[PDB]
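Provided below as structure tokens are two forms of one protein chain, presented individually as structure 1 and structure 2.
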Structure 1
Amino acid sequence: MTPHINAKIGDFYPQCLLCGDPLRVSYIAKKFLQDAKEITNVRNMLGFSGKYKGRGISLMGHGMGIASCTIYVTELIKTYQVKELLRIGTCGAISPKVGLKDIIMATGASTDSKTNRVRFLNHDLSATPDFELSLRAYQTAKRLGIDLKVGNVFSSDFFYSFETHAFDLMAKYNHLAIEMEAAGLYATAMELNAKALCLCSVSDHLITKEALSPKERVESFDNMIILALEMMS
């Protein structure tokens, strides 16, 4: 066991879906998995293992922000032997190319965090997902007829940004939305030689000023959840 996960070694399948919200994770387990079992619950951060269309898959909450996400992903890889990590989170749209509830695949995660400079020689680590997972997401979305939006996200240490004046510049450089964990997921999976990808659905729109309720952030994104389950089967 680890300080933040109280499952047994082997309780996790090698493929794991992730959300920051452990209640979205619980929602997915109850609605979409067969024979789902809760396998961890330290700090109320739930994780589960179950089956989708006969294939074992795990689910795990990763909390909010790069530091939190790095903790759980690090332990999932090094202790629990997880090989493929698919984040399915929420994000704030800053580009006019996307609308509320669109699903974005993050081809790269820019950041205002210092974590990657600390990791990577004080240089610019371009944090990126595994290409095969990215390809699988693209192909599965096409097979399902889901309009997958593809581009960079900006992973911030701030939900309440001090730099909103810079969002248009971010969008000009192909950042479709802002969230807070992808760059940490990506850099941890690069560190540890694991396969990771980040999808996020648009829960807030900074141009149109739209925002979903907390309940809607759990329940409104079945399309992104089903996309994730299909690509992992």
Structure 2
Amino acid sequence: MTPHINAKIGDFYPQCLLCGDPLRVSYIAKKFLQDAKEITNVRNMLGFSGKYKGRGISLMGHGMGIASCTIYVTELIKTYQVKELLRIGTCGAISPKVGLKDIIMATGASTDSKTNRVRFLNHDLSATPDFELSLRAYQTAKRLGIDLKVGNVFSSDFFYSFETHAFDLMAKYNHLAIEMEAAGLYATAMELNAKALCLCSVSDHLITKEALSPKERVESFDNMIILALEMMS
């Protein structure tokens, strides 16, 4: 169908959850969905489709970096007609305003990537989510009692930064954490008139060097699935 997704047309529901790690996505399908039938597995990048509280939901891994995320989100919108893309995952905090376990809602995605300048006249595309999803995440959060931290994130092309000295500046300008796909996902979705949002769970503070225990991490990530699926319904 498309070189990166194995599914037949109609295998995806119009709402889809996204993570870079497919084994993470396979863990969502099992612990949380009912029917759940693996629908794609090109390059071992798995996606699922199943039911949560009787409502249909799809899941899909997108890999690491803006370019990889862009590839999958583009095919999900144009070929599989996904209408809402809710990204979840881990991010390293850089701000004193957040700490371990927090869930960060990204109202904007800064970037050191060139992709949006190629996309957008060599100007500064402000990469933002769809507002009603952000609204929905806020409401669903409060309904569950989750202190949702809301700010920007910085999407970088480097996992191992060459500019760690710049983390303090990014925090000053209201970036609560660093990750690597939100700006690509946000730009792809504005390109293709789809509804996207990124949520991030704080498991490592790049500044206070604090970190959790591998069971607190599966604990925390579990607390994020619930909000993501409760808000897809």
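Shifts are known only where both forms have a C-alpha. Along the sequence of structure 1, residues get numbers from 1 upward. Rigid core here is just the name for the largest C-alpha set that superposes within 1.5 Å across the two forms.
- Once both forms are overlaid on the rigid core, the distance between the two CA positions of residue 10 between the two structures is under 2 angstroms.
- After superposing the rigid core, the Cα of residue 217 is displaced by 2 Å or more between the two structures.
- For residue 208, the Cα deviation between the two structures after core superposition amounts to 2.1 Å.
- Comparison between the two structures places the CA of residue 45 0.2 angstrom away from its other position, after core fitting.
- In a core-based superposition, a mobile segment is defined as at least three consecutive common residues whose CA atoms each shift by 2 Å or more; between the two structures, just one such segment exists, spanning 210 to 220.
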